[PDB]
Amino acid sequence: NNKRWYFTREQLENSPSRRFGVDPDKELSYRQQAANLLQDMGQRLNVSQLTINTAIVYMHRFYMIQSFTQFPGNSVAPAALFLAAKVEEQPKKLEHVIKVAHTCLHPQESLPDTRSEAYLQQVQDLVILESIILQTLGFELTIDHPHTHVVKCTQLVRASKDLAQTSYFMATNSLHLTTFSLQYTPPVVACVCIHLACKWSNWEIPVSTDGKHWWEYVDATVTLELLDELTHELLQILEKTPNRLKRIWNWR
Amino acid sequence: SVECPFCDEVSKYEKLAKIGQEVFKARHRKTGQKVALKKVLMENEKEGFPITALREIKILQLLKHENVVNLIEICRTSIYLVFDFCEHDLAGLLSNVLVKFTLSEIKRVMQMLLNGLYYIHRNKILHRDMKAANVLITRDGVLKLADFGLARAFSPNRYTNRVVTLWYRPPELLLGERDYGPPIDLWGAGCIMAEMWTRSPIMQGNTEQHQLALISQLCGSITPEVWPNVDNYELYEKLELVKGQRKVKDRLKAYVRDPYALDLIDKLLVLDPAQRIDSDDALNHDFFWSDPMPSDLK
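Structure representation (structure tokens):
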């Protein structure tokens, strides 16, 4: 059901990984590293950011049920991506995905002979892992991403190509860097991203004659208290991330 | 071993009897509720979990409606899709002489059918396998569209061409069309409607040419006057096309008799996909709104 893959902050604290002796903070790293590996492979495999995003949500959800101590990010990322590419109608061949995973994880090794018993074996490992992901997600694979809603929002509120560009950037980074996708609906996250993007660009969208703030047309539940709270978290993690902000920094 | 909150083991259901030839009729061990378990096939599956099953699962999870088959859950051990069990199907009932529908009831069947189509198309899904054998009727006389393993979401588009069982496959596809839409399902709806009286698939080709010939001997012939722009298909100039030839209403005049039924069928089995009536207008046709009025099933 609806409330199934959204978790409270206390639920996020007592995660499967926590039960096996992983710090809150270590676990957060394990997730960010998975999102990075997913982004690197996806770029090399030439799948869309959408597929990459979908794979990131799978990974996020998969680790609310499973522990990093039992399933390594470096094993789950490729499988999640292999699956997400099928689901988003950009199937990549199994052998192909294994090969790109290998170069990312081991730039200096050289692929085993595709005839070796040890390579036939790593193919079998991925297939087994994909099946475990499907069962962990209970075959719920249709993912909604904030990006859909950013376009809607930043457009109907008359934003420069620029402002819109910064909002998508934030949306993409909220997946790599945070667990918002486990806590807030995509329409809310989109508001969070547009909000920070405005703040980052010194832009303010004017209050309507009715007295309605822009976001009330996006999600009726959303409050400024919450918007400011979440943008602050997102901005803080962005600051801890080397070069990430440089990408949107107005250098003129 | 590994935790699994959201995928139940299929052992919760008790296997009663093979059907598909792996599809089983089964009984929930606690409640007795009868269901159908369809194993997901794994022969020649070289690329992990079959993209065709992912797609179907994706669509079934989306489509929730009184006239669309209902996927209850997915179960592990293989992997099984669980459906509400349904005893009958339009193909079985129509090929069964003891079974008899009144005109009042036929109206109800087409009504439910068209409503199912209207709904799935509304959700940007093409069924792509319209045939009597894919239409279910539940013990309570409720019609459900079933078998979405060949269905596809829709939105110059280049969709797959070898789709829909041959006898129900529309002119467009039999001419090499790849930018088609919901009308392909409506053509199939037509073939099923006529089948409600004739008790047998009206057009039984053996090859693509044989099917296209049969269509011409019924709908008149493929003509740029009748079907604006038809001659842009390279498979039109190539393959054999007849000349002279409209007999939709005469050949069916026998079985049906009712004016309205014949008029709708003429509008479903229309050559130009863009002039073929859609689910919304069909439901609105006088056939469902003149006497006798549509009645429930038993």
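Going down the list, the protein sequences come from chains B and A.
Note that the entry's author numbering has the first sequence beginning at 8, numbered continuously upward.
Throughout the second sequence, residue numbering follows the entry's author numbering, covering 7 to 27, 32 to 87, 98 to 175, 182 to 271, 273 to 325 in sequence.
Quick reminder that beta carbons are idealized off the backbone N, C-alpha and C, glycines included.
If you ignore the 5 residues before and after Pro-209 (chain A), its C-beta comes within less than 8 Å of the C-beta of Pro-196, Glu-198, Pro-300, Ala-301, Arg-303 and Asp-305, all in its own chain and listed in chain order. Here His-38 (chain A) carries a strand assignment [DSSP, helix/strand/coil]. DSSP places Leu-47 (chain A) in the uninterrupted beta strand (DSSP E) bounded by 44-49. The C-beta of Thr-121 (chain B) comes no closer than 9 Å to any C-beta of chain A. Under DSSP, the beta-bridge partners assigned to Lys-24 (chain A) are A:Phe-34. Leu-133 (chain A) and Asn-77 (chain A) have their C-alpha atoms spaced approximately 7 Å apart.
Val-8 (chain A) reaches chain B at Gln-73, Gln-77, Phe-78, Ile-139, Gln-142 and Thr-143, counting residues in chain order whose Cβ is nearer than 9 Å.
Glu-53 (chain A) is outside the set of residues whose beta carbon lies under 9 Å from a beta carbon in chain B. Around the CB of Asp-277 (chain A), fewer than 16 other CB atoms lie within 10 Å, so the residue is classed as exposed. The beta carbon of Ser-242 (chain A) is closer than 6 Å to those of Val-268 and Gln-271 in its chain, skipping five residues each way along the sequence.
Chain A places no beta carbon closer than 9 Å to that of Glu-20 (chain B), leaving this residue out of the contacts.
At a Cβ-Cβ threshold of 9 Å, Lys-159 (chain B) and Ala-197 (chain B) count as neighbours.
Sixteen is the threshold: since fewer than 16 other Cβ atoms of the shown chains lie within 10 Å of the Cβ of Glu-251 (chain A), the residue is exposed. Against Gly-136 (chain A), chain B offers no close residue; the least beta-carbon distance is about 21 Å (beta-carbon pairs closer than 7 Å). For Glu-147 (chain B), the closest Cβ of chain A is nearer than 9 Å. Residues of the region 62-87 of chain A with a C-beta less than 8 Å from any C-beta of chain B: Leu-64, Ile-67, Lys-68, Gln-71, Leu-72, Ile-84 and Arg-86, listed in chain order. DSSP, reduced to helix, strand and coil, places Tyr-70 (chain B) outside both helices and strands of the structure shown, so it counts as coil. Taking the beta carbon of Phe-89 (chain B) as reference, the chain A residues within 8 Å of it are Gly-58, listed in sequence order. In chain A, no part has a C-beta under 7 Å from the C-beta of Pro-193 (chain B); the shortest such distance is about 17 Å. Excluding five sequence positions before and after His-67 (chain B), the CB atoms of its chain that fall closer than 7 Å to its own CB belong to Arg-38, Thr-186, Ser-188 and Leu-189, given in chain order. At a beta-carbon threshold of 7 Å, none of the residues of chain A lie near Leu-45 (chain B); the nearest stands roughly 17 Å away. Annotation: Cβ neighbours of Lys-93 (chain B) in chain A (cutoff 7 Å, chain order): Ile-61 and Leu-64. Considering only A:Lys-280, A:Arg-225 and A:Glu-203, the residue with the shortest C-alpha distance to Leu-113 (chain A) is A:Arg-225.
In the DSSP assignment, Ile-255 (chain B) is bridged to no other residue.
Close partners of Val-134 (chain B) in chain A (Cβ separation under 7 Å): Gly-58. Residue-level contact by beta carbon holds for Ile-99 (chain A) and chain B, with a gap shorter than 9 Å. Excluding five sequence positions before and after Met-177 (chain B), the CB atoms of its chain that fall closer than 6 Å to its own CB belong to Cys-200, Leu-203 and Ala-204, given in chain order.
Beta-bridge pairing by DSSP links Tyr-100 (chain A) to A:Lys-49 and A:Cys-85.
The three-state reading of DSSP puts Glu-116 (chain B) in coil, since its state is none of H, G, I, E or B.
Membership of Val-199 (chain B) in the alpha helix (DSSP H) is indicated by the continuous run 193-207.
Around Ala-111 (chain A), the same chain offers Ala-152 and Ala-153 as residues with beta carbons nearer than 6 Å, after the five sequence neighbours per side are excluded.
With respect to the C-alpha of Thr-76 (chain B), the residue from B:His-154, B:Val-29, B:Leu-44 and B:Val-104 having the closest C-alpha is B:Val-29.
Chain A has a Cβ within less than 9 Å of the Cβ of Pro-98 (chain B). Here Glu-15 (chain A) carries a strand assignment [DSSP, helix/strand/coil]. Contact of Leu-112 (chain B) with chain A is not assigned, every C-beta pair being separated by 9 Å or more. Here the alpha carbons of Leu-64 (chain A) and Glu-102 (chain B) stand approximately 20 Å from one another.
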